[PDB]
């Protein structure tokens with residue numbers, strides 16, 4: 254799920270020009286056309302518990318596919334994607350435990366993100 | 020008096036599956052790219068706001084070669100295709116587009132002002148954009164969909180309109196062709212004819228016409244061939260509020276305010292307008308990639324793909340995101356040169372259809388025939404009734420029959436192919452004549468459907 | 020003591036369908052367009068905020084010519100129309116309008132300020148707009164709807180109001196006429212009389228009165244003829260917060276703050292006000308284009324279209340989008356000339372109704388009659404009781420009867436047509452006298468309804 258945060262114009266040079274048959278020539282300031290190549294700012298709205306999809310069990314009893322959970326070659330493929338926990342922590346370390354004044358140059362800023370996972374399954378012999 | 024197909028149409032225990040491989044279309048989100056001098060479209064306009072219309076072609080049942088042919092009598096009935104299951108495939112990842120106009124007739128933010136607005140110079144339009152109303156929809160019928168919208172209706176022979184004078188209105192019905200524009204949040208009308216301005220709405224729609232399914236009429240249809248199944252999902256709200264620049268067409272009756280004074284003395288445009296905004300899209304919102312069972316229909320026609328034809332009409336903004344791609348002109352300069360890169364805009368659409376059809380026979384008696392004919396001549400005309408031996412008929416007759424019948428196998432194959440009675444219009448053609456199958460088990464829809472019904 | 024119609028009203032196994040072809044109305048979203056000198060409305064005000072009221076006229080059952088007439092006895096009862104099914108057709112594509120006022124009494128953004136506001140000069144009003152509260156609703160009855168609102172109530176004989184002095188209030192009931200204004204998010208009142216200012220709200224409502232269904236009273240109704248069915252759907256929130264410019268009517272009790280100082284020394288207006296905003300509209304939100312079965316009703320009257328009359332009252336903002344259309348004055352200049360284009364604003368509304376009616380008979384005995392009369396004279400008066408032969412009556416009587424009866428077929432047709440007891444008011448007239456049918460199968464609603472009930 255997502256929506257439009259903002260709307261912007263792509264800077265650069267016209268790749269394909271706007272057919273004149275779709276407007277009236279400018280004049281003065283307007284005389285010259287502005288880029289028509291716009292683009293939006295995506296925004297995944299707020300996350301919620303009720304929204305959650307993991308930390309829940311999935312029973313693969315029936316499947317619309319011909320293969321019914323037959324881990325051939327004793328192999329398996331779990332593919333996941335979850336933005337819901339994307340918060341990255343900005344951690345900063347100082348270079349000197351002195352100066353009693355905030356020195357922009359006294360601190361190195363870093364960015365880190367972590368992910369916690371754990372899987373579990375049930376298998377039927379066949 | 021009309022009646023449900025079920026009356027005259029017989030249902031078989033035969034089912035078949037058919038579906039496109041994978042449809043794809045890519046082009047420009049706002050307009051086609053053609054040679055400046057020429058006209059041949061090098062690149063076509065392609066936006067999530069184009070009405071996707073499919074003319075699904077089916078193989079003639081009667082003409083089809085089946086394994087067993089016992090189930091029915093060709094000397095008393097004809098076969099017809101009946102759809103019962105459909106699934107619309109949407110392949111692109113969910114996302115939103117965004118359109119606008121470099122010189123939209125924007126005046127000023129009417130949403131909130133600190134002090135009175137400036138004065139109208141000339142060419143105050145600006146470059147803006149937005150997210151049209153979020154809309155999902157689809158419908159099917161053996162006949163094509165009919166849209167409604169607004170347009171300049173012919174007037175009366177009186178005051179020969181003074182240039183600039185406001186035009187008259189008229190609701191107009193029209194066959195929703197493939198690629199046409201869906202309401203964006205500005206209504207259904209011929210912007211071209213109604214807005215001489217040519218800068219009241221984003222380009223992609225500036226010179227076009229936004230259409231809306233005249234649901235009503237469609238249903239009012241007696242036979243109800245237009246469409247037997249459908250579902251809509253639209254939603255939107257006010258992003259911004261603006262004033263339309265220009266000159267007063269109709270003035271504000273003084274009896275509705277107190278004269279200004281100084282700066283206020285002169286009235287500002289009252290002709291405001293809003294910025295549409297289709298809110299966020301969601302999975303749970305999704306309407307496609309789901310199967311639709313057309314078992315029952317409130318219409319008289321129950322999925323009787325007459326003429327072995329079909330009409331799937333879809334609309335989905337949910338995946339409108341267009342990608343801005345840029346190419347450089349020189350792999351040199353270690354400094355960003357605005358002039359070193361050409362910017363482009365492209366949008367793609369992923370589609371795939373699939374259906375389930377039940378075979379059907381129709382005993383053709385007088386009344387029957389008649390009704391059909393009356394309903395729609397073609398149907399029969401299209402069919403072919405090989406001459407047959409007259410029952411107990413006079414030897415003379417029978418004889419003649421033979422003769423004629425005999426001289427009917429002279430191998431002469433001069434069958435002048437008919438002409439598309441809708442050649443006029445144009446939409447996405449979908450030939451399926453070679454995609455029918457029985458073992459639906461080999462297909463998702465099949466499986467699903469199958470199991471679903473059970474037997 | 021009152022009682023459910025079911026008591027005296029007999030229900031038949033007869034059903035009929037009727038519905039408008041397709042109603043359409045187009046005009047100006049804020050006010051009517053009439054000749055400056057004259058008054059004849061060249062163009063009418065047409066907004067999604069106008070209360071749509073329909074006076075649906077039905078053919079007299081008793082006067083109606085039926086195939087079989089056995090089912091009842093005209094010598095003992097009268098026939099009445101009973102609605103049982105209704106569907107409201109909304110044809111325009113979902114969308115939103117937007118209104119405002121070039122000189123609304125806006126002072127300043129009270130939502131958030133960096134430093135204290137300036138000083139009140141004169142004519143600080145501005146040009147703003149907004150999206151009124153989103154509202155869907157409809158109701159029906161054999162009697163017209165009654166709205167409530169605020170107004171200048173007559174005062175008491177005391178302090179002869181000092182000009183400017185605040186006016187007294189009074190809740191007022193009124194018959195919701197067609198076109199009237201629905202609450203926009205500013206309440207129900209006579210802005211005209213209550214706001215001399217003439218710039219406190221968007222024009223389209225500036226000089227009008229916003230009304231609200233006095234649901235309560237309507238239901239409190241004993242017979243409950245006003246309305247037997249309805250449903251409402253309103254929602255809205257605060258877009259912005261503003262200060263009302265002008266002069267303090269009532270001053271702020273000092274015991275509620277500390278005196279200012281310098282810039283602050285002088286108090287700013289405390290009379291704030293908000294910007295209404297009907298949030299986004301959605302399909303799932305939709306309330307029309309759906310059928311309504313009036314099988315049971317908590318009211319005493321159960322869809323007894325008395326006088327073969329009906330009242331469908333609707334309100335739907337969901338399709339308010341008005342289109343700004345512009346025409347140029349000269350097809351020359353290759354430069355945008357603000358003065359070369361006339362701007363206009365238009366809005367259209369698509370409607371279509373449909374219903375199902377059950378025929379009903381009513382054995383008329385004393386008590387019966389009485390009750391009815393007491394309930395509402397007219398009903399009977401309106402009906403006609405052709406003289407009949409007195410049972411076992413003295414030959415003399417019988418004789419006289421004959422005579423009179425005989426001299427009653429003198430072909431003299433001088434029946435002075437009655438007068439609309441509500442001529443005063445005016446709403447959308449809907450004649451159906453020639454739209455009744457039996458084979459509902461030929462109609463959607465029919466089918467639906469039919470199948471729905473089953474039998």
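Chains as they are written, first to last, in the authors' numbering: chain A, 254 to 379; chain A', 20 to 474; chain A'', 20 to 474. A prime marks a further copy of an entry chain. Even for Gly, the Cβ is constructed at its ideal location relative to N, Cα and C.
Problem set entry | Where the stretch 200 to 229 of chain A' meets chain A: residues whose CB sits under 7 Å from a CB there | 217, 218, 222, 225 and 226
Exercise. Taking just the CA atoms, how far does residue 274 of chain A sit from residue 173 of chain A'?
Worked result: Locating residue 173 of chain A' in the second chain gives position 154, where the first residue counts as 1. Locating residue 274 of chain A in the first chain gives position 21, where the first residue counts as 1. Their Cα atoms are separated by approximately 25 Å.
For this session: Would you identify the three-state DSSP class for residue 326 of chain A', choosing helix, strand or coil?
Result: Along the second chain, read from residue 1 onward, the residue named residue 326 of chain A' stands at position 307. Three-state DSSP puts residue 326 of chain A' in a helix.
Problem set entry | Runs of beta strand (DSSP E) wholly within the stretch 113 to 146 of chain A' (minimum 3 residues, chain order) | 118 to 123 and 125 to 128
Problem set entry | Residue-chain proximity (residue 358 of chain A'', chain A'), Cβ-Cβ < 8 Å | For the purposes of this step, residue 358 of chain A'' is taken as the residue at position 339 of the third chain. Interface residue, yes.
For this session: Please report the residue range of the alpha helix (DSSP H) in which residue 467 of chain A'' lies.
Result: The sequence position of residue 467 of chain A'' within the third chain is 448, counting from 1. It spans 463 to 472 - the alpha helix (DSSP H) in which residue 467 of chain A'' sits, taken as one unbroken run.
Exercise. Could one say the Cβ of residue 363 of chain A'' lies closer than 8 Å to chain A's Cβ atoms, at least one of them?
Worked result: On the third chain, position 344 is the one that residue 363 of chain A'' refers to. Not closer than 8 Å to any Cβ of chain A, the Cβ of residue 363 of chain A'' fails to qualify, so no.
Exercise. Are residue 488 of chain A'' and residue 244 of chain A'' closer than 8 Å when you measure CB to CB?
Worked result: A question about residue 488 of chain A'' goes unanswered here, because the residues of chain A'' that appear run from 20 up to 474.
Exercise. Where residue 127 of chain A' and residue 285 of chain A are concerned, what is the direct C-alpha to C-alpha distance, given to the nearest angstrom?
Worked result: Residue mapping note: residue 127 of chain A' aligns to position 108 of the second chain, counting from 1. Residue mapping note: residue 285 of chain A aligns to position 32 of the first chain, counting from 1. The straight-line gap from Cα to Cα measures roughly 20 Å.
Problem set entry | Pair within 8 Å by beta-carbon distance, residue 264 of chain A and residue 146 of chain A' | Here residue 264 of chain A is taken as the residue at index 11 of the first chain, counted from 1. Here residue 146 of chain A' is taken as the residue at index 127 of the second chain, counted from 1. Contact flag unset, no.
Exercise. Taking DSSP as the reference, what is the three-state secondary structure of residue 374 of chain A''?
Worked result: Looking up residue 374 of chain A'' in the third chain gives position 355. Reduced to three states, the DSSP call for residue 374 of chain A'' is strand.
Exercise. Should residue 308 of chain A be flagged as near chain A', meaning a C-beta pair shorter than 8 Å?
Worked result: Residue mapping note: residue 308 of chain A aligns to position 55 of the first chain, counting from 1. It does not; no Cβ of chain A' falls within 8 Å.
Problem set entry | Closest Cα partner of residue 405 of chain A'' within the set A'':197, A'':82 and A'':255 | For the purposes of this step, residue 405 of chain A'' is taken as the residue at position 386 of the third chain. The shortest C-alpha separation from residue 405 of chain A'' is found at A'':82.
Problem set entry | Amino acids of chain A'', ordered along the chain, whose beta-carbon sits closer than 9 Å to that of residue 167 of chain A' | As a first step, residue 167 of chain A' is located in the second chain; it is residue number 148 there, counting from the start. Within chain A'', the residues near residue 167 of chain A' are 110, 111, 112 and 369.
Exercise. If you draw a straight line from the alpha carbon of residue 418 of chain A'' to that of residue 389 of chain A'', how long is it in whole angstroms?
Worked result: In the third chain, counting from the first residue as 1, residue 418 of chain A'' sits at position 399. In the third chain, counting from the first residue as 1, residue 389 of chain A'' sits at position 370. Taking the straight line joining both Cα atoms gives about 29 Å.
Problem set entry | Members of the stretch 316 to 348 of chain A that neighbour chain A' once the beta carbon cut-off is set at 9 Å | 317, 318 and 319
Problem set entry | Backbone secondary structure at residue 195 of chain A' - three-state DSSP | Your numbering for residue 195 of chain A' matches position 176 in the second chain. In this structure, residue 195 of chain A' counts as coil in the three-state DSSP scheme.
For this session: Identify each residue in the stretch 445 to 472 of chain A' for which the Cβ-Cβ distance to at least one residue of chain A is less than 7 Å, and report them in chain order.
Result: 463, 466 and 467
Problem set entry | Contacts that residue 121 of chain A'' makes with chain A' (C-beta to C-beta distance below 7 Å) | Against the third chain, residue 121 of chain A'' aligns to sequence position 102. Simply 286, 287 and 289.
Problem set entry | Cβ-based neighbour list, residue 366 of chain A', same chain, cut-off 8 Å, excluding 5 preceding and 5 following | Sequence index remark: in the second chain, residue 366 of chain A' carries index 347 (1-based). Cβ within range, chain order: 45, 46, 47, 48, 65, 66, 67, 116, 339, 340, 341 and 342.
Exercise. At a Cβ threshold of 8 Å, is residue 354 of chain A touching chain A''?
Worked result: Counting from 1 along the first chain, the entry for residue 354 of chain A is found at position 101. It does not: the Cβ of residue 354 of chain A has no partner Cβ on chain A'' nearer than 8 Å.
Exercise. To the nearest angstrom, how far is it from the Cα of residue 130 of chain A'' to the Cα of residue 261 of chain A''?
Worked result: Residue 130 of chain A'' sits at position 111 when you count from the first residue of the third chain. Residue 261 of chain A'' sits at position 242 when you count from the first residue of the third chain. When rounded, the distance between both Cα atoms is 7 Å.
Exercise. What whole-angstrom Cβ distance do residue 203 of chain A' and residue 228 of chain A' have, given they're in contact under 8 Å?
Worked result: In the second chain, counting from the first residue as 1, residue 203 of chain A' sits at position 184. In the second chain, counting from the first residue as 1, residue 228 of chain A' sits at position 209. Not really, about 11 Å apart at Cβ, beyond 8 Å.
Exercise. Between the beta-carbon of residue 23 of chain A'' and the beta-carbon of residue 321 of chain A'', is there less than 8 Å?
Worked result: Residue numbering aside, residue 23 of chain A'' sits at position 4 when the third chain is read from its first letter. Residue numbering aside, residue 321 of chain A'' sits at position 302 when the third chain is read from its first letter. Cβ distance < 8 Å, so residue 23 of chain A'' and residue 321 of chain A'' count as in contact.
Problem set entry | Cβ pair count under 8 Å reaching 3, the stretch 217 to 231 of chain A' against the stretch 424 to 441 of chain A'' | no
For this session: Determine whether the Cβ of residue 298 of chain A lies closer than 8 Å to any Cβ atom of chain A''.
Result: On the first chain, position 45 is the one that residue 298 of chain A refers to. So, not an interface residue.
For this session: Would you identify the three-state DSSP class for residue 419 of chain A', choosing helix, strand or coil?
Result: As a position in the second chain, residue 419 of chain A' is number 400, starting the count at 1. Of the three classes helix, strand and coil, the one that applies to residue 419 of chain A' here is helix, per DSSP.
Problem set entry | Contacts that residue 280 of chain A makes with chain A'' (C-beta to C-beta distance below 7 Å) | Translated into positions along the first chain, residue 280 of chain A becomes position 27. Here the neighbours are 354 and 355.
Exercise. Checking contacts by CB at 8 Å: is residue 441 of chain A'' closer than that to chain A'?
Worked result: The residue given as residue 441 of chain A'' occupies position 422 in the third chain. Cβ-Cβ to chain A' under 8 Å: no for residue 441 of chain A''.
Problem set entry | Simplified DSSP state of residue 59 of chain A'', which is helix, strand or coil | Mapped onto the third chain, residue 59 of chain A'' falls at position 40. Three-state result, residue 59 of chain A'': coil.
Exercise. Along chain A', which residues have their Cβ under 9 Å away from the Cβ of residue 313 of chain A?
Worked result: Taking the first chain and counting its residues from 1, one reaches residue 313 of chain A at position 60. Correct list: empty, because the minimum Cβ distance to chain A' is about 16 Å.
Exercise. Does any residue of chain A' bring its CB to less than 8 Å from the CB of residue 301 of chain A''?
Worked result: The residue labelled residue 301 of chain A'' in the question sits at position 282 within the third chain. Chain A', which has a Cβ nearer than 8 Å to the Cβ of residue 301 of chain A'', makes this yes.
For this session: Work out the CA separation of residue 155 of chain A' and residue 299 of chain A for me, nearest whole Å.
Result: Position 46 of the first chain, counting from 1, holds the residue named residue 299 of chain A. Position 136 of the second chain, counting from 1, holds the residue named residue 155 of chain A'. Rounded to the nearest angstrom, the two C-alpha atoms are 23 Å apart.
Exercise. Could you check where the beta strand (DSSP E) with residue 347 of chain A'' kicks off and where it finishes?
Worked result: Residue mapping note: residue 347 of chain A'' aligns to position 328 of the third chain, counting from 1. It spans 342 to 347 - the beta strand (DSSP E) in which residue 347 of chain A'' sits, taken as one unbroken run.
For this session: Report yes if the CB atom of residue 43 of chain A'' is closer than 8 Å to the CB atom of residue 213 of chain A', and no otherwise.
Result: Numbered from its first residue, the third chain carries residue 43 of chain A'' at position 24. Numbered from its first residue, the second chain carries residue 213 of chain A' at position 194. No.
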